[PDB]
Amino acid sequence: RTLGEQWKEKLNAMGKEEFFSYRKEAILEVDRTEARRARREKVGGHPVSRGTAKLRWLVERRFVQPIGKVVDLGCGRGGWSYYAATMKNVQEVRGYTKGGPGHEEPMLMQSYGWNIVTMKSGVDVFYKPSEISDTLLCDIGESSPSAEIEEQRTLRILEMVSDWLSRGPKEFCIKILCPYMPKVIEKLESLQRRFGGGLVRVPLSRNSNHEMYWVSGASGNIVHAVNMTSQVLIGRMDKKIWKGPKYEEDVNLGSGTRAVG
Ligand SMILES: Nc1ncnc2c1ncn2[C@@H]1O[C@H](CSCC[C@H](N)C(=O)O)[C@@H](O)[C@H]1O
Ligand SMILES: [Cl-]
Ligand SMILES: [Cl-]
Ligand SMILES: [Cl-]
(Lines give C-alpha, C1' and ligand atoms only; values in the text may rest on other atoms or scores of the structure.)
(Ligands and ions follow the chains in the order given, each with its own letter.)
Protein backbone atom coordinates (compact mmCIF):
# COMPACT_ATOMS: atom_id res chain seq x y z
CA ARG A 1 0.00 0.00 0.00
CA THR A 2 0.89 3.69 -0.37
CA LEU A 3 2.36 5.74 2.50
CA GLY A 4 -0.89 7.71 2.63
CA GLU A 5 -2.79 4.48 3.28
CA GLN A 6 -0.39 3.69 6.11
CA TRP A 7 -0.91 7.21 7.50
CA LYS A 8 -4.69 6.72 7.28
CA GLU A 9 -4.68 3.41 9.20
CA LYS A 10 -2.44 4.85 11.93
CA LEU A 11 -4.72 7.91 12.18
CA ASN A 12 -7.74 5.60 12.59
CA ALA A 13 -6.00 3.69 15.40
CA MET A 14 -5.30 6.82 17.50
CA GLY A 15 -6.80 7.57 20.89
CA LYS A 16 -8.81 10.69 21.68
CA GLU A 17 -6.15 12.84 23.37
CA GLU A 18 -3.48 11.62 20.94
CA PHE A 19 -5.72 12.50 17.99
CA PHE A 20 -6.49 15.98 19.30
CA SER A 21 -2.82 16.73 19.96
CA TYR A 22 -1.75 15.26 16.58
CA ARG A 23 -4.20 17.07 14.31
CA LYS A 24 -2.68 20.51 15.19
CA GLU A 25 0.99 19.45 15.54
CA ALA A 26 3.27 21.87 13.66
CA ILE A 27 0.42 23.14 11.47
CA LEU A 28 -0.20 26.79 10.63
CA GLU A 29 -3.39 27.97 12.36
CA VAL A 30 -5.56 31.07 12.12
CA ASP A 31 -6.71 32.56 15.43
CA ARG A 32 -10.42 32.11 14.68
CA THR A 33 -11.61 33.06 18.21
CA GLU A 34 -12.24 36.71 17.26
CA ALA A 35 -13.95 35.87 13.94
CA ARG A 36 -16.14 33.02 15.16
CA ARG A 37 -17.30 34.94 18.27
CA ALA A 38 -19.11 37.21 15.79
CA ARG A 39 -21.28 34.26 14.63
CA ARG A 40 -24.20 34.83 17.03
CA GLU A 41 -24.00 38.56 16.23
CA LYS A 42 -21.20 41.65 8.89
CA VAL A 43 -19.07 44.74 8.04
CA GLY A 44 -16.09 43.91 10.33
CA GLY A 45 -14.19 41.93 7.64
CA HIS A 46 -14.18 38.75 9.76
CA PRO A 47 -14.18 35.72 7.46
CA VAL A 48 -17.13 33.31 7.77
CA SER A 49 -14.80 30.26 7.94
CA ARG A 50 -11.15 29.20 8.27
CA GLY A 51 -11.32 28.28 4.55
CA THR A 52 -10.61 31.90 3.62
CA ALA A 53 -7.16 31.65 5.21
CA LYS A 54 -6.37 28.57 3.10
CA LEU A 55 -7.27 30.38 -0.11
CA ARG A 56 -5.24 33.46 0.91
CA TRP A 57 -2.28 31.18 1.57
CA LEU A 58 -2.46 29.87 -2.00
CA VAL A 59 -3.17 33.27 -3.62
CA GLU A 60 -0.46 35.04 -1.60
CA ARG A 61 2.06 32.60 -3.13
CA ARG A 62 0.60 32.90 -6.65
CA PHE A 63 -0.54 29.25 -6.84
CA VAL A 64 -3.88 30.66 -8.03
CA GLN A 65 -4.78 34.19 -9.21
CA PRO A 66 -8.59 34.63 -9.42
CA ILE A 67 -9.82 36.71 -12.37
CA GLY A 68 -13.04 37.56 -14.21
CA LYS A 69 -16.04 35.36 -13.41
CA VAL A 70 -15.29 33.06 -10.48
CA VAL A 71 -17.32 29.87 -9.91
CA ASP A 72 -17.05 28.44 -6.38
CA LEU A 73 -18.28 24.83 -6.16
CA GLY A 74 -19.23 23.72 -2.66
CA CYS A 75 -19.09 27.32 -1.43
CA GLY A 76 -20.54 26.41 1.99
CA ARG A 77 -20.85 29.56 4.11
CA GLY A 78 -18.81 31.42 1.45
CA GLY A 79 -15.26 31.74 2.83
CA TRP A 80 -13.71 31.37 -0.63
CA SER A 81 -16.45 33.30 -2.42
CA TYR A 82 -16.06 36.42 -0.26
CA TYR A 83 -12.25 36.21 -0.49
CA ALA A 84 -12.44 36.02 -4.30
CA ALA A 85 -14.57 39.18 -4.28
CA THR A 86 -11.62 41.15 -2.83
CA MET A 87 -9.30 40.25 -5.74
CA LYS A 88 -8.31 43.10 -8.10
CA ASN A 89 -9.23 41.48 -11.44
CA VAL A 90 -12.34 39.57 -10.28
CA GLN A 91 -15.63 40.80 -11.77
CA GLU A 92 -18.22 38.33 -10.53
CA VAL A 93 -18.42 35.45 -8.04
CA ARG A 94 -20.94 32.63 -8.31
CA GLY A 95 -21.09 30.13 -5.46
CA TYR A 96 -23.01 26.85 -5.38
CA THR A 97 -23.57 24.65 -2.35
CA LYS A 98 -25.95 21.86 -1.33
CA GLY A 99 -27.05 23.22 2.06
CA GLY A 100 -29.93 21.58 3.88
CA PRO A 101 -29.75 19.67 7.18
CA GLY A 102 -26.25 18.80 8.34
CA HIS A 103 -24.57 21.15 5.87
CA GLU A 104 -23.50 24.77 5.65
CA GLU A 105 -25.80 27.47 4.28
CA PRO A 106 -24.28 30.53 2.56
CA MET A 107 -23.83 33.39 5.04
CA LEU A 108 -24.71 36.78 3.61
CA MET A 109 -21.89 39.19 4.49
CA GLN A 110 -21.14 42.82 3.71
CA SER A 111 -17.39 42.37 3.25
CA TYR A 112 -15.63 44.20 0.41
CA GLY A 113 -17.10 43.31 -2.98
CA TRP A 114 -20.25 41.72 -1.53
CA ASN A 115 -22.20 43.30 -4.38
CA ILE A 116 -20.57 40.95 -6.96
CA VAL A 117 -21.20 37.76 -4.92
CA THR A 118 -24.20 35.50 -5.43
CA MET A 119 -24.29 32.11 -3.68
CA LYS A 120 -27.07 29.59 -4.34
CA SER A 121 -27.99 26.84 -1.88
CA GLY A 122 -29.85 23.59 -2.63
CA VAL A 123 -27.48 22.78 -5.50
CA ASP A 124 -25.88 19.35 -5.77
CA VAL A 125 -23.07 19.96 -8.26
CA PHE A 126 -23.00 16.31 -9.38
CA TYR A 127 -26.27 17.10 -11.24
CA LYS A 128 -25.49 20.72 -12.22
CA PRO A 129 -24.60 21.32 -15.87
CA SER A 130 -21.31 23.20 -16.32
CA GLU A 131 -21.01 26.90 -17.19
CA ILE A 132 -18.21 29.05 -18.62
CA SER A 133 -15.88 30.62 -16.03
CA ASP A 134 -12.47 32.32 -15.87
CA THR A 135 -11.63 30.99 -12.40
CA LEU A 136 -12.88 27.63 -11.07
CA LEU A 137 -12.76 26.91 -7.36
CA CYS A 138 -13.92 23.67 -5.75
CA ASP A 139 -13.56 22.74 -2.08
CA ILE A 140 -15.71 19.58 -1.98
CA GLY A 141 -14.69 16.38 -0.16
CA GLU A 142 -16.36 14.43 2.68
CA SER A 143 -13.86 12.58 4.88
CA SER A 144 -14.13 8.86 5.69
CA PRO A 145 -11.98 6.45 7.71
CA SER A 146 -11.91 4.35 4.51
CA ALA A 147 -9.36 5.42 1.87
CA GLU A 148 -11.33 3.35 -0.67
CA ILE A 149 -14.52 5.33 0.03
CA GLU A 150 -12.58 8.62 -0.14
CA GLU A 151 -10.92 7.45 -3.40
CA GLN A 152 -14.36 6.92 -5.00
CA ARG A 153 -15.61 10.27 -3.69
CA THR A 154 -12.49 11.95 -5.07
CA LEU A 155 -12.82 10.30 -8.49
CA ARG A 156 -16.45 11.50 -8.61
CA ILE A 157 -15.36 15.07 -7.83
CA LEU A 158 -12.65 14.89 -10.52
CA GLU A 159 -15.10 13.59 -13.14
CA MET A 160 -17.45 16.45 -12.23
CA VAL A 161 -14.81 19.23 -12.25
CA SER A 162 -13.39 18.12 -15.62
CA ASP A 163 -16.56 19.48 -17.25
CA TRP A 164 -16.01 22.92 -15.72
CA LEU A 165 -12.28 22.96 -16.56
CA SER A 166 -12.99 22.12 -20.21
CA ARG A 167 -14.90 25.45 -20.30
CA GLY A 168 -11.52 27.25 -20.28
CA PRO A 169 -10.83 28.70 -16.85
CA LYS A 170 -7.05 29.20 -16.75
CA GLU A 171 -7.14 29.78 -12.99
CA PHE A 172 -8.32 26.98 -10.73
CA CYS A 173 -8.05 25.58 -7.22
CA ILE A 174 -9.60 22.20 -6.55
CA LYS A 175 -9.56 20.25 -3.27
CA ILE A 176 -8.30 16.69 -3.71
CA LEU A 177 -9.69 14.77 -0.73
CA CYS A 178 -7.66 11.59 -1.09
CA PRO A 179 -4.67 12.29 -3.39
CA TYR A 180 -2.67 9.19 -2.35
CA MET A 181 -4.82 6.35 -3.67
CA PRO A 182 -3.49 4.76 -6.92
CA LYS A 183 -6.66 5.34 -8.99
CA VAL A 184 -6.73 9.01 -7.90
CA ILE A 185 -3.02 9.51 -8.76
CA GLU A 186 -3.69 8.02 -12.21
CA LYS A 187 -6.63 10.36 -12.88
CA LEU A 188 -4.69 13.37 -11.61
CA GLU A 189 -1.79 12.61 -13.96
CA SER A 190 -4.12 12.61 -16.99
CA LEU A 191 -5.94 15.73 -15.83
CA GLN A 192 -2.59 17.45 -15.16
CA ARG A 193 -1.54 16.63 -18.74
CA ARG A 194 -4.93 17.93 -19.97
CA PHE A 195 -5.41 21.07 -17.81
CA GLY A 196 -1.97 21.75 -16.23
CA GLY A 197 -1.34 22.79 -12.64
CA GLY A 198 0.05 20.84 -9.70
CA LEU A 199 -0.74 19.61 -6.20
CA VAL A 200 0.07 21.77 -3.15
CA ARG A 201 -0.27 20.92 0.54
CA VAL A 202 -1.55 23.97 2.44
CA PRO A 203 0.10 24.05 5.89
CA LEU A 204 -3.16 25.34 7.46
CA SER A 205 -4.68 21.91 6.79
CA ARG A 206 -4.86 19.74 9.92
CA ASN A 207 -2.79 16.57 10.19
CA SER A 208 -6.14 14.72 10.48
CA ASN A 209 -6.56 14.92 6.68
CA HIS A 210 -4.28 14.46 3.66
CA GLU A 211 -6.13 16.98 1.47
CA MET A 212 -4.07 18.65 -1.23
CA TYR A 213 -5.07 21.38 -3.62
CA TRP A 214 -4.80 21.00 -7.37
CA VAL A 215 -3.92 24.51 -8.44
CA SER A 216 -3.14 26.16 -11.77
CA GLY A 217 0.03 27.95 -10.62
CA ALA A 218 1.74 24.79 -9.38
CA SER A 219 3.65 22.23 -11.40
CA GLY A 220 5.73 19.09 -10.97
CA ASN A 221 5.51 15.39 -10.20
CA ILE A 222 2.22 14.49 -8.50
CA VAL A 223 3.45 11.16 -7.10
CA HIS A 224 6.42 12.83 -5.42
CA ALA A 225 4.38 15.74 -4.01
CA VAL A 226 1.81 13.35 -2.51
CA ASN A 227 4.55 11.10 -1.10
CA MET A 228 6.38 13.97 0.59
CA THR A 229 3.10 15.07 2.21
CA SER A 230 2.48 11.50 3.47
CA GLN A 231 5.94 11.36 5.03
CA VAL A 232 5.62 14.75 6.73
CA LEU A 233 2.21 13.71 8.16
CA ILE A 234 3.50 10.34 9.38
CA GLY A 235 6.55 12.18 10.76
CA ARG A 236 4.28 14.26 13.01
CA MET A 237 2.79 11.15 14.67
CA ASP A 238 3.83 9.88 18.12
CA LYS A 239 6.11 12.82 19.00
CA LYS A 240 7.78 12.79 22.43
CA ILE A 241 6.78 16.42 23.00
CA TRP A 242 3.85 18.06 21.22
CA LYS A 243 4.92 21.58 20.20
CA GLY A 244 1.46 22.52 18.92
CA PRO A 245 0.42 24.84 16.10
CA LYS A 246 1.98 28.06 14.84
CA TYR A 247 -0.42 31.01 14.64
CA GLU A 248 -1.10 33.61 11.97
CA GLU A 249 -3.52 36.54 11.90
CA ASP A 250 -6.90 35.90 10.20
CA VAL A 251 -7.74 37.40 6.81
CA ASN A 252 -9.07 40.99 6.59
CA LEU A 253 -11.98 41.18 4.12
CA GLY A 254 -12.85 44.87 4.62
CA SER A 255 -16.33 46.19 3.93
CA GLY A 256 -18.78 47.70 1.49
CA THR A 257 -19.60 47.50 -2.19
CA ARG A 258 -16.94 47.51 -4.92
CA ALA A 259 -16.41 48.84 -8.42
CA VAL A 260 -15.26 46.32 -11.03
CA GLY A 261 -13.29 46.77 -14.26
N1 LIG B 1 -22.52 17.39 -3.83
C2 LIG B 1 -22.39 18.62 -3.32
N3 LIG B 1 -22.94 19.70 -3.97
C4 LIG B 1 -22.81 20.98 -3.46
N5 LIG B 1 -22.13 21.19 -2.28
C6 LIG B 1 -21.59 20.13 -1.63
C7 LIG B 1 -21.71 18.84 -2.13
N8 LIG B 1 -21.06 18.01 -1.28
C9 LIG B 1 -20.56 18.73 -0.27
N10 LIG B 1 -20.88 20.05 -0.47
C11 LIG B 1 -20.54 21.21 0.36
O12 LIG B 1 -19.22 21.63 0.07
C13 LIG B 1 -18.74 22.38 1.17
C14 LIG B 1 -17.25 22.10 1.36
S15 LIG B 1 -16.50 23.04 2.72
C16 LIG B 1 -16.41 24.56 1.75
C17 LIG B 1 -15.65 25.62 2.51
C18 LIG B 1 -15.50 26.93 1.74
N19 LIG B 1 -14.41 26.82 0.73
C20 LIG B 1 -15.24 28.05 2.74
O21 LIG B 1 -14.22 28.71 2.68
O22 LIG B 1 -16.05 28.31 3.63
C23 LIG B 1 -19.61 22.01 2.38
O24 LIG B 1 -20.32 23.14 2.84
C25 LIG B 1 -20.59 20.98 1.86
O26 LIG B 1 -21.89 21.17 2.38
CL1 LIG C 1 -17.57 13.91 -1.30
CL1 LIG D 1 -10.95 43.67 7.73
CL1 LIG E 1 -13.91 50.04 -5.04
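Residues numbered from 1 in each chain as written, not as in the entry; some residues may be left out. Chains lettered and ligands numbered in written order. Heavy atoms only, no water.

As recorded in the PDB header, X-ray crystallography is the method behind this entry, and the stated resolution is 2.20 Å.

Per the PDB header, the entry is named "Crystal structure of the Murray Valley Encephalitis Virus NS5 2'-O Methyltransferase domain in complex with SAH (Monoclinic form 2)".

## Focus: unusual backbone geometry
In this structure, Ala26 is a non-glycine residue whose phi angle is positive, near 65 degrees. Note on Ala26: relative accessible area 28%, which makes it partly exposed. (Buried < 20%, exposed > 50% of the residue type's maximum accessible area, 1.4 Å probe, protein only.)

## What about the packing of helix α6 (residues 147-165) against helix α7 (residues 182-195)?
Look at α6 against α7: their axes get within 9 Å of each other, and the N-to-C directions meet at 15 degrees. One way to sum up the angle between α6 and α7 is to call them roughly parallel. Along this stretch, α6 crosses α7, giving a crossing that reads as left-handed. Residues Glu151, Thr154, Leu155, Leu158, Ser162 and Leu165 of α6 form the contact with α7, whose own contacting residues are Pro182, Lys183, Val184, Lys187, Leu188, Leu191, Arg194 and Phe195. Tallied by class, residues from the contact of α6 with α7 come to 8 nonpolar, 2 polar and 4 charged. (Axes fitted to C-alpha atoms, helices over the stretch in contact; angles between N-to-C directions. Helix = DSSP H or I, 4+ residues; strand = E, 2+ residues; numbered from the N terminus. Parallel < 35°, antiparallel > 145°, perpendicular 65-115°, else oblique. Left-handed = near helix turned anticlockwise from the far one by under 90°. Contact = heavy atoms within 4.5 Å. Nonpolar A, V, L, I, M, F, W, Y, C, P; charged D, E, K, R; others polar.)

## Details of α6
With 19 residues, α6 should reach 27 Å at 1.5 Å per residue; the first-to-last C-alpha distance of 26 Å fits that figure. For α6, the full list of buried residues reads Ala147, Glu150, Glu151, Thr154, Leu155, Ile157, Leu158, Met160, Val161, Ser162, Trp164 and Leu165. (Expected span 1.5 Å × (residues − 1).)

## Some words on the nonpolar core
Grouped together as the largest cluster of nonpolar side chains are 38 residues, with contacts concentrated most on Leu73, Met160 and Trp214. Secondary structure elements with two or more residues in this core: α1 (3-12), β2 (68-73), β5 (135-138), α6, β6 (171-176), α7, β8 (212-215) and α8 (222-235). Setting aside anything within four residues of it in sequence, one finds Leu73 in contact with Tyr96, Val125, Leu136, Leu137, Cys138, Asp139, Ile140, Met160 and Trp164. Membership of the second largest hydrophobic core comes to 33 residues, among which are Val48, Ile116, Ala218 and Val251. (Core = buried A, V, L, I, M, F, W, Y, C linked by side-chain atoms within 4.5 Å.)

## Focus on the side chain of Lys175
Of note, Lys175 is situated in strand β6. The exposure class assigned to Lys175 is buried, which follows from its relative accessible area of 12%. Within polar-contact distance, the side chain of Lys175 engages the backbone oxygen of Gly141 at 3.5 Å. Once you skip the residues sitting within four places of it in the chain, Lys175 turns out to touch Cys138, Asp139, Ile140, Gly141, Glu211, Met212 and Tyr213. (Polar contact = N/O pair within 3.5 Å; in protein donor to acceptor, adjacent residues only side chain to side chain.)

## Some thoughts on the pattern of salt bridges
What the rule picks out here adds up to 8 salt bridges. A salt bridge links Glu9 to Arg1; the nearest nitrogen and oxygen atoms lie 3.1 Å apart. When its relative accessible area of 43% is taken as the criterion, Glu9 is described as partly exposed. A salt bridge links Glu249 to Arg56, with the shortest nitrogen-to-oxygen separation between them at 3.2 Å. (Salt bridge = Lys/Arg side-chain N within 4 Å of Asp/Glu carboxyl O.)

## Points about the environment of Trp214
Residue placement: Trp214 occurs in strand β8. There is a polar contact of 3.0 Å between the side chain of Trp214 and the backbone oxygen of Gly196.

## So, the site of ligand 1
Among the 18 residues in the neighbourhood of ligand 1, the closest are listed as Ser49, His103, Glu104, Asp124 and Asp139. A distance of 2.9 Å separates an oxygen atom of ligand 1 from a polar side-chain atom of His103. Expressed as a share of its isolated accessible area of 590 Å², the protein-covered part of ligand 1 is 88%. Among the elements of the structure, α4 (51-60) and α5 (79-84) are those that each provide at least two residues to the shell around ligand 1. Here the residues of the shell around ligand 1 are counted per class, giving 6 nonpolar, 8 polar and 4 charged. (Near = heavy atom within 4 Å. Areas by Shrake-Rupley, 256 points an atom, 1.4 Å probe, with all protein chains shown as cover.)

## Quick word on the pairing of β8
Burial of β8 is two-sided: the residues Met212 and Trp214 facing one way and the residues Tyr213 and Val215 facing the other way are all buried. Relative to β8, β6 is paired through 4 bridges, and the arrangement is antiparallel. Bridge pairing links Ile174 to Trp214 in β8. Looking at chain direction, strand β7 (residues 198-200) and β8 are connected through 3 bridges and run antiparallel. Residue pairing across strands places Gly198 opposite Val215, the latter belonging to β8. (Pairing = 2+ DSSP bridges.)

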